[PDB]
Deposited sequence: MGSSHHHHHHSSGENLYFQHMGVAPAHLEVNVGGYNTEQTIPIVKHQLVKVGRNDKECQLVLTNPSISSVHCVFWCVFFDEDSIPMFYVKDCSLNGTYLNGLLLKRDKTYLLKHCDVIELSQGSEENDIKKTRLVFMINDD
């Protein structure tokens, strides 16, 4: 049971400590590979932070794409960190649902 995972709309992608989870078209670099030609090579990235091992983790997404990433229907500002909440929906310009287990 990973701290959190992405449901892809299938397969789930875990989000664990000390890992940058990359979503994109480049199978040489991304943990979740999406083949739509309007998805960037690395499109958006997911990670988590623990202050200590007893901390409740916090989870983040950041867009780094050409065409944009949407969070609950709202366009993200490119390169800016956004705090995630359980069941947030990430749509790539494909639906990813962010689920917290921790």
property	result
Deposited-sequence stretches lacking C-alpha coordinates, listed in sequence order	1-22, 32-37, 122-131, 141
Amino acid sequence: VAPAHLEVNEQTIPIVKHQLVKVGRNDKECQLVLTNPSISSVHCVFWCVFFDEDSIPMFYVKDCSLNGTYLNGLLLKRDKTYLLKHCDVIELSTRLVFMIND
From here on, numbers count along this sequence of modelled residues.
item: Average Cα temperature factor in the PDB entry - higher stretch of 47-55, 22-30; value: 47-55
item: 58-66 versus 33-41 - which carries the larger mean C-alpha B factor in the record; value: 33-41
item: Ranked C-alpha temperature factor of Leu92 among modelled chain residues, by third; value: highest
item: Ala4 - which third its CA temperature factor falls in, relative to the rest of the chain; value: lowest
item: Third of the chain's Cα B-factor distribution that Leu75 belongs to, per the entry; value: middle
